[PDB]
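To start, the structure itself, in structure tokens.
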């Protein structure tokens, strides 16, 4: 149940080693890379960003509880994301770069999952 690590307190960074790891930052609602080797904190850390993303995709946490993330690529794939700041579903240009749980195929899906569709 690696999705547990996703929903655990963030792993604390470390200035001992130069090695880096992935961790789900609840303040931004996305997986981020940071330097450190398990120098205290929670179990919220992963081998890489893909492992983090997949773990947080398997997490029960509603997609509407995460912020908009359509990647930072240069693709042009229309997809729907929930805006947590304006509390509304909008279409964004998917860049093709990973993402997070907040990722919908349709406006209906977005709204219904905010209602609590599961």
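In the entry's author numbering, the protein residues as written are 13 to 130. Even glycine gets a Cβ: it sits at the ideal position worked out from N, Cα and C.
Between the Cα of residue i and the Cα atoms of the options, which residue gives the shortest distance?
i           : options         : result
residue 128 : 80, 87, 107, 73 : 73
residue 101 : 62, 92, 44, 65  : 92
residue 40  : 78, 52, 51      : 78
residue 90  : 16, 46, 103     : 103
residue 80  : 54, 66, 13, 107 : 107
residue 27  : 13, 52, 57, 38  : 52
residue 56  : 38, 21, 66      : 21
residue 66  : 38, 110, 130    : 110
residue 13  : 58, 23, 105     : 58
Enumerate in chain order the residues of its own chain whose CB-to-CB distance from residue i is below 6 Å, with the five nearest sequence positions on each side excluded.
i           : result
residue 29  : 49
residue 116 : 92, 122
residue 112 : 42, 78, 81
Short of 8 Å in beta carbon distance, which residues of its chain neighbour residue i, apart from the five on each side in sequence? Order them along the chain.
i          : result
residue 76 : 94, 96, 114, 122, 125, 126
residue 98 : none
With a threshold of 7 Å on Cβ separation, who are the neighbours of residue i within its own chain once the five nearest residues in sequence on each side are excluded?
i          : result
residue 19 : 71, 73
residue 46 : 25, 32, 33, 35
residue 68 : 15, 18, 36, 43, 112, 113
Mapping the DSSP letters down to three states, classify residue i as helix, strand or coil.
i           : result
residue 100 : strand
residue 105 : strand
residue 119 : helix
residue 22  : strand
Exercise for review: Determine contact between the stretch 83 to 90 and the stretch 60 to 70, defined as no fewer than three beta-carbon pairs at a distance below 8 Å.
Suggested key: no
| query | At which residue ranges does the stretch 32 to 76 contain complete alpha helix (DSSP H) runs of 4 or more residues, listed in the order of the chain? | reply | 61 to 69
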